[PDB]
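Here is how the chains run, residue by residue.
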Amino acid sequence: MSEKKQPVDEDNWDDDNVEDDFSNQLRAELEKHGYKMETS
Amino acid sequence: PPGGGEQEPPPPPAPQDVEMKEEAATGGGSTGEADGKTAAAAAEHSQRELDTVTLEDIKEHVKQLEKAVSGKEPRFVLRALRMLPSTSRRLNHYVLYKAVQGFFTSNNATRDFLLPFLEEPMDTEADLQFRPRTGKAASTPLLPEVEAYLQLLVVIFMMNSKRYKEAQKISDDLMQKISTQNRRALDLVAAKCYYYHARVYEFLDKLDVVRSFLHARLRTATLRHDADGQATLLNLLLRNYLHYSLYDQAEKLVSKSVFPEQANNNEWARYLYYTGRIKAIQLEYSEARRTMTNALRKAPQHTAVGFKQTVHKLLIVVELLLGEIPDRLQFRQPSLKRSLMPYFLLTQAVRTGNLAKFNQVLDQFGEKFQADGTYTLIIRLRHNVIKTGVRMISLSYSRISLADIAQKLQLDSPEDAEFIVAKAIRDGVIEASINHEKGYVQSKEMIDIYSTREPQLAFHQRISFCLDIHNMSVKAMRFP
Amino acid sequence: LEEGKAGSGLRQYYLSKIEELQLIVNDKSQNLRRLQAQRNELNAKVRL
Amino acid sequence: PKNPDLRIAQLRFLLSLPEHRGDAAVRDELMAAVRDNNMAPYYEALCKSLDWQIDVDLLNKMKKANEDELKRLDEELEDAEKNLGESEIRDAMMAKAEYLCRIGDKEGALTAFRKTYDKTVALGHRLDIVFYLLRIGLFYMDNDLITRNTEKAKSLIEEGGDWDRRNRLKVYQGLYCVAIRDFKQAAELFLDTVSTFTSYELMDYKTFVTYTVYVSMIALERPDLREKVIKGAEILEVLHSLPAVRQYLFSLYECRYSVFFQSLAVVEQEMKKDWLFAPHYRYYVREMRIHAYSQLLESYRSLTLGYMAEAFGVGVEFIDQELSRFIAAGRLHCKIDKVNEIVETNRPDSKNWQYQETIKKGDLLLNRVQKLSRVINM
Amino acid sequence: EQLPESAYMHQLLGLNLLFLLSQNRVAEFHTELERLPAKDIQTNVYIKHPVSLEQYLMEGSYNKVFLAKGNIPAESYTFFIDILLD
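Bear in mind the residue numbers are our own, running from 1 along each chain as written, so they may not match the entry, and residues with no coordinates are left out. Here every chain gets a letter starting at A, and every ligand a number starting at 1, in the order they are written. Values throughout refer to the chains shown here, themselves only part of a larger assembly. Derived side-chain values reflect all non-hydrogen atoms in the structure, with water molecules and hydrogen atoms excluded from consideration.

cryo-EM is the method the PDB entry states for this structure, with the resolution given as 5.8 Å.

This is the structure:
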């Protein structure tokens, strides 16, 4: 700007918006969905 | 010694070249620009001054360093004098004193001796015309010097600047008053120094009396001469009257007006962020989300660096209270990254309804939140996330049972779920009907919004928005 | 004078403020006068 | 001259995620050390794998024989420059001396790349540079060097045609399109197929078929998915040789969801154990699900999830949270009724929401020319 | 801002705070705590009760408020908790 008190105080980054939804939800996931085979 | 001794002479000519022609070409150019036309203003050199001072605020200011004695401050402030065309001799004498730094032993006339120097344009008998040039002579030497921040005995010289430049304010109000057009050029200069007013006080004590002195220049610009002047003064208000209590929130109602017309560009864009944090404490989210979003898209151009990034950090804070937010790393910058890491995973826990994950974010990352002062929302944001969690489920399902959504959102009990859904209907969040026996919740798909209703009714605001810009383009076309 | 030569300048400032405002509106007219005379000459071009 | 060392990068990811075999990956690594004169390949593997005991003199007499082979090429620079010829003198100090980048570190890389760069009169020698930059960026996970050299490869070598090394570029960027996230251009640049045939830089072409078929199940839509394999001649014989991949390809068109969770895991096994697919397998999982679920919900307006338990075998609470986390992320907007066992279709995107792209993208558009209109003037 | 510490200052900041919660105004509730907003959650347990009390009003309470109505310093809140009832 730089006035007032402003100064006083593909990529994987783009996919990381969606990728972090995988971190907190359902992992990826292979193993668990692979364990669900013989469950029922 | 001989190697570094011969390299001392060359640099000081560089401030004797560009820094000379800084106020020689602009100041000598703005001379005839401020004598007439003077439309508006314009006086584009005052806006060119924005491309100098802000450029000088990095390098070189007046000083520097660079390997001179800091003799440019006394040079231009002496021997104004001035008169008819012999003012060129003053610029010629400014060239004559350039050799004094390179030939004889150089002496520093700044600081202690700068007190009578600011009186010299008055002592030269006389100025005789432009206060903004002397205001520049009482600012550009001293105000860029404030960036040193040594805090010892020169802060009162920064106050002596705010003194003798208040004597320029005495000449601002008393002199002219009729088709001035220097005040509108000074409204850029008076802004800055009033910004430096606030800045210098923040290092010692916040200004109690200047708050009364702010309303002085505030109210007196109305209605006689106001262009962009009261807006910058209103920026001083909402800036500090925010960070300090109290009652200043609702104060915006009686002041506005707007104040029109918004100037200059991004300068008013940040103003919507100021009142944006205000309206965030009013708890109204909808008016806060539009003024914050407009604050980013209306703000050019940066760089550098985190001044626009930090203001954008706390800008999306209203989006945390909206209940609908995506992952904010799409707004992340490699420079802002390291600073937003405690504030990053926060919104990542907002997208989820887990209490153990949300409370762990508050414990570890609460230290970063102390500097922001955002703790007001953390108590009401728990009620915001539970609305996002139920909206995620209610939009994903037709019917949602209270017992199944009980532990899934871990409300843990049927009774408080009846209290939340009740208040969810009171807030218009959910349309779900509830059949109470045990009980359970049985909802149904909401429809009939259709086509003929919402889009064509919203297009009334879309075209009225577009047809006004047709006038905005014509108005902007009429000036050339 | 005190009524006065200090106030009358502010009175003269209003006129000069409107004169510059009028000049802004005139500058909006002046370049718009060209859009007329241009098309007015173009109105003679279809007659040419 | 890649695949023997290009497999060391395969050994790096074989050491990376699984910790089970540290002996099996270090034996062929030492077998790749006793040949090819690899030094740093076992040095950066010396930290990942075991720290021996001793390598040293066994592989130091190599780096000394390397130095003897390095000095004789460094003697060849002033011996051949004693005579004069176009590009012939200094062509001997690139391919074999950048083969010394294959020996160790970046020392062979950085100093032999720019040293031979200015002389070369042919685009084929400039691409051998870009080649050896692509292998070192495959060995070490750093993504920098492989992005810039391809940009230098497209300007000079494409002027201009070639049959051989230009088809490799479409493989490189295609491999970069699958290295970062690009679905649409990955298989698009892989459309060349057998025209590249098999090369040291193309590794096993049957594995290149696996790379293009895994991106072709998302980016290549169902009408074109069956088209490229069935109508495509040269690509159809290589997929029929693999019964596992061809099954999952036709079963995707068969729509049966019972064999998906099995066969998709087999593809995920290759997706788990292959390098550069570690960041990219997470979104790949449920993207092939919605690809199978796209055609699913489009079939019926009212569908019971118990009928889905049949095909899924048996989805009960699994697709409850699964399909719910699809809607919240904007994938396949749909209404599935809970405890009423009904799925609703929807959402009629042919009219209402499809209009919204006009003004929404047009808001920041017109806003950008509002602010910038107030700039002129001042 | 430098003044000697007093005694009744504590609860009277809460008396008008809880009386203003009884009349349902949300706006003037948080702006009265702005005298020491940063130290609200940090310290001054007398301020910690109403901010936790408003938390229970969003539960809602009903139940949890009356359990916290069993033990309060308070002091003098007895008049306002009767209007908090109504």
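That shown, we press on.
**As for the overall build of chain E**
Under the convention used in this document: In this description a helix means any DSSP run of H or I spanning at least four residues, a strand means any run of E spanning at least two, and both kinds are numbered starting from the N terminus. For a compact globule the rule gives 2.2 Å times the number of residues to the power 0.38, and the radius of gyration it is set against comes from C-alpha atoms. Note on exposure labels: buried denotes an accessible area under 20% of the residue type's maximum, exposed denotes more than 50%, and partly exposed covers the range between, all computed with a 1.4 Å probe on protein chains only. Any two residues whose heavy atoms approach within 4.5 Å are treated as being in contact.
Across its full length, chain E carries 5 helices and 0 strands. The helix and strand sequence of chain E, counted from the amino end, reads α-α-α-α-α. For 86 residues, the compact-globule estimate of 2.2 N^0.38 gives 12 Å, and chain E sits close to it at 13 Å. Along the first, second and third principal axes, the C-alpha atoms of chain E reach 40 × 25 × 20 Å. Among the 86 residues that make up chain E, the fraction classed as buried is 34%. Considering only residue pairs separated by 6 or more positions, chain E has 48% of its internal contacts joining residues 24 or more positions apart.

**Some words on the side chain of B:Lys177**
We apply this condition: Neither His nor the chain ends contribute to the count of charged residues, in which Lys and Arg are positive and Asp and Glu negative. When a carboxyl oxygen of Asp or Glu is within 4 Å of a side-chain nitrogen of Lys or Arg, the pair counts as a salt bridge.
Locating B:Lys177 in the fold gives a position in the loop between α9 (155-174) and α10 (182-204). B:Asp173 is the oppositely charged side chain nearest to the buried, salt-bridge-free B:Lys177, at an N-O distance of 7.2 Å. In this view, B:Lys177 contacts B:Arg183, B:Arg224, B:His225, C:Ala6, C:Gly9, C:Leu10 and C:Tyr13; residues no more than four positions away in its chain are not counted.

**Some details on the environment of D:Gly315**
Residue and element names in this part refer to chain D. Looking at where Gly315 falls in the secondary structure, it is placed in the loop between α17 (305-312) and α18 (318-328). Using a relative accessible area of 5% as the deciding quantity, one classes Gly315 as buried. Sequence spacing of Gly315 and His125 is 190 residues, and the spatial spacing of their C-alpha atoms is 57 Å. Apart from the residues within four sequence positions on either side, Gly315 is in contact with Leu305 and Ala309.

**Overview of helix α5 (residues 78-85) of chain E**
Since the α-helix turns once every 3.6 residues, residues separated by three or four places project in the same direction. Residue and element names in this part refer to chain E. Note the threshold: By construction, the arc corresponds to the directions joining the helix axis to the C-beta atoms.
Listing the buried residues of α5 in full gives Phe80, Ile81 and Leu84. Projected onto a plane normal to the axis of α5, the buried residues spread over an arc of 100 degrees and lie on a single side. With respect to the buried face of α5, the exposed residues turned more than 90 degrees away are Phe79 and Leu85. The inward-facing, buried residues of α5 abut α1 (9-22), α3 (45-57) and α4 (63-68).

**Describing the arrangement of the chains**
The chain pair with the greatest number of contacts, out of 5 pairs of chains in contact, is formed by chains B and D. Regarding chain A and chain C, the two do not touch, and the least distance separating their C-alpha atoms is 28 Å. At the level of C-alpha atoms, the two units chain A and chain E stay apart, their nearest approach being 18 Å.

**Considering the pattern of salt bridges**
Counted under the stated rule, the structure contains 30 salt bridges over all chains. Residue D:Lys154 pairs with D:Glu158 through a salt bridge whose shortest N-O separation is 3.5 Å. We classify D:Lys154 as partly exposed; its relative accessible area is 38%. Here the salt bridges share partners, and the residues they tie into one network are B:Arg131, B:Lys169, B:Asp172, B:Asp173, B:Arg183 and B:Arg217.

**A word on the interface of chain C and chain B**
This is how it is decided: Buried area: the accessible surface (1.4 Å probe) lost by two parts on joining, summed over both. What qualifies as a polar contact is a pair of N or O atoms within 3.5 Å, subject to a donor-acceptor requirement within protein and to the restriction that residues adjacent in sequence count only when both atoms come from side chains. Side-chain classes follow a simple rule in which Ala, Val, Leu, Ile, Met, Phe, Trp, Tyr, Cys and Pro form the nonpolar group, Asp, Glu, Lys and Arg form the charged group, and the remainder, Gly included, forms the polar group.
Contacts between the two partners involve 19 residues from chain C, matched on the other side by 17 residues from chain B. Area buried by chain C at its contact with chain B is led by C:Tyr13, C:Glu20 and C:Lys28, which between them contribute 39% of it. At the boundary of chain C with chain B, the tally comes to 0 salt bridges. Along the contact surface separating chain C from chain B lie 6 residue pairs in polar contact. In terms of residue class, the side of chain C that touches chain B is made up of 8 nonpolar, 6 polar and 5 charged.

**Remarks on the interface of chain B and chain D**
Taken together, the contacts link 27 residues of chain B with 28 residues of chain D. Approximately 2500 Å² of surface area, both sides summed, lies buried where chain B meets chain D, with 56% of it carried by carbon and sulfur atoms. By the criterion of area lost to chain D, the three top residues of chain B are B:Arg297, B:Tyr397 and B:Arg399, representing 24% of everything that side buries. The interface formed by chain B and chain D includes 1 salt bridge. A salt bridge links B:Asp404 to D:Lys338, with the nearest nitrogen and oxygen atoms 3.2 Å apart. Where chain B touches chain D, the interface holds 10 residue pairs in polar contact. The biggest single contributor to the side of chain B that touches chain D is helix α23 (residues 454-478) of chain B, with 6 residues.

**Remarks on the UniProt feature "domain: PCI" in chain B**
To keep things clear, this is the line we draw: UniProt positions are given in the numbering used here, feature names are shortened, and annotations may be inferred rather than shown by experiment.
The positions that UniProt labels "domain: PCI" are, in the present scheme, residues 269-448 of chain B. Here residues 269-448 of chain B is 64% helix and 0% strand, with 39 Å between the C-alpha atoms at its ends.

**Details of the packing of aromatic side chains**
To be explicit about the condition: Pairs were defined over the aromatic rings of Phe, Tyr and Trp, the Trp ring being its six-membered one, requiring ring centres within 6.5 Å. Orientation was assigned from the angle between planes: stacked under 30 degrees, edge-to-face over 60, tilted for the rest. Our definition puts a charge over a ring when NZ of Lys or CZ of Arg is within 6 Å of the ring centre and also within 35 degrees of the ring normal.
Using the criterion set out here, one finds 25 aromatic pairs over all chains in the structure. Note on D:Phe261 and D:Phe312: the rings are 5.7 Å apart at their centroids and 90 degrees apart in plane angle, and the pair reads as edge-to-face. Of this pair, D:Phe261 sits in helix α15 (residues 260-273) while D:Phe312 sits in helix α17; the two residues are 51 residues apart in sequence, bridging distant segments of the chain. Residue D:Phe312 is classed as buried on the basis of its relative accessible area, which comes to 8%. An aromatic cluster is defined as three or more aromatic residues linked by ring pairs; in this entry it consists of D:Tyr248, D:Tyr257, D:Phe260, D:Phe261, D:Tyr293, D:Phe312 and D:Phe326. Geometry around B:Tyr241 places B:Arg211 over its ring, the cationic atom sitting 4.1 Å from the centre.

**Looking at α23(B)**
All names here are of chain B. Applied cut-off: Multiplying one less than the number of residues by 1.5 Å gives the expected span of a helix. Bending is quantified residue by residue as the angle between axes fitted to the seven-residue window ending at that residue and the seven-residue window starting at it.
An ideal rise of 1.5 Å per residue puts 36 Å on 25 residues; α23 measures up with 37 Å between its terminal C-alpha atoms. Of all the bends in α23, the greatest measures close to 25 degrees and is centred on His460. Among the residues making up α23, those that are buried are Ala458, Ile469, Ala476 and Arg478.

**Comments concerning the side chain of D:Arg12**
Following the sequence through the fold, D:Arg12 ends up in helix α1 (residues 3-16). Ignoring any residue separated from it by four or fewer positions in sequence, one finds D:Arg12 in contact with D:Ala40, D:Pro41, D:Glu44, D:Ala45 and D:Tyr140.

**Considerations on a nonpolar patch on the surface**
Residue and element names in this part refer to chain B. To be explicit about the condition: Each patch groups residues whose relative accessible area exceeds 30% and which form no salt bridge, using 9 Å between like charges and 5 Å between nonpolar side chains of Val, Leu, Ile, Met, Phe, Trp and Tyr. In this description, accessible areas are obtained by the Shrake-Rupley approach with a 1.4 Å probe, and a residue is regarded as covered only by the protein chains that are shown.
A cluster of nonpolar side chains, namely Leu96, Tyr97, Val100, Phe103 and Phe104, defines an oily patch on the protein surface of about 580 Å² accessible area. When you line up the elements, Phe104 lands in the loop between α6 (98-102) and α7 (114-123). Owing to a relative accessible area of 64%, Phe104 belongs among the exposed residues under this scheme.

**Section: the sheet that holds strand β1 (residues 302-303) of chain D**
All names here are of chain D. Put simply, the test is: Any two strands with at least two DSSP-identified bridges between them are counted as paired.
Taking strand neighbours across the sheet as the criterion, the 3 strands line up as β1-β3-β2 in an open arrangement whose pairing is antiparallel. Across the chains shown, the open sheet's two edge strands, defined by having one partner strand only, are β1 and β2 (335-337). Inspection of the sheet shows β1 paired to strand β3 (residues 342-344) by 2 bridges, in the antiparallel sense. Residue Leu303 lies in a different strand from β3, and its bridge partner there is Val343.

**Section: unusual backbone geometry**
Peptide bonds are trans in most cases, and residues, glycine excluded, mostly fall at negative phi. With an omega of -10 degrees, the peptide bond running from B:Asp127 to B:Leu128 counts as cis. Structurally, B:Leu128 can be placed in the loop between α7 and α8 (131-137). Here the bond from B:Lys256 into B:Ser257 is cis, since omega is 0 degrees, no more than 30 degrees from zero. With respect to the helices, strands and loops of the structure, B:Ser257 is situated in the loop between α13 (252-255) and α14 (266-281). Not every positive phi belongs to a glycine, and D:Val339 is a case in point at roughly 65 degrees. With respect to the helices, strands and loops of the structure, D:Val339 is situated in the loop between β2 and β3. D:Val339 gets classed as partly exposed once you look at its relative accessible area, which sits at 47%.

**What about the environment of B:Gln282?**
Mapped onto the elements of the fold, B:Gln282 is located in the loop between α14 and α15 (286-297). Contacts of B:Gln282, omitting those with residues within four sequence positions, involve B:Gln249, B:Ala250 and B:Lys252.

**Here we look at the packing of α1(E) against α3(E)**
Residues and elements named next belong to chain E. Heads up, the rule is: Throughout, an axis means a line fitted to C-alpha atoms (over the contacting stretch in the case of helices), and angles, computed between N-to-C directions, take values from 0 to 180 degrees. Any angle from 65 to 115 degrees is called roughly perpendicular, while one under 35 is roughly parallel, one over 145 is roughly antiparallel, and all others are oblique. Handedness of a crossing is defined here by the sense of rotation of the near helix relative to the far one, left-handed for an anticlockwise turn of less than a right angle and right-handed for a clockwise turn.
As a packed pair, α1 and α3 sit with axes 9 Å apart at the nearest point and diverge in direction by 15 degrees. Between α1 and α3, the angle falls in the class roughly parallel. Our pair here, α1 against α3, has a crossing hand that is right-handed. Residues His10, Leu17, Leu18 and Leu21 of α1 touch α3, and the partners they reach there are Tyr46, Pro50, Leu53, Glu54 and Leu57. When its residues are assigned to classes, the contact of α1 with α3 shows 7 nonpolar, 1 polar and 1 charged.

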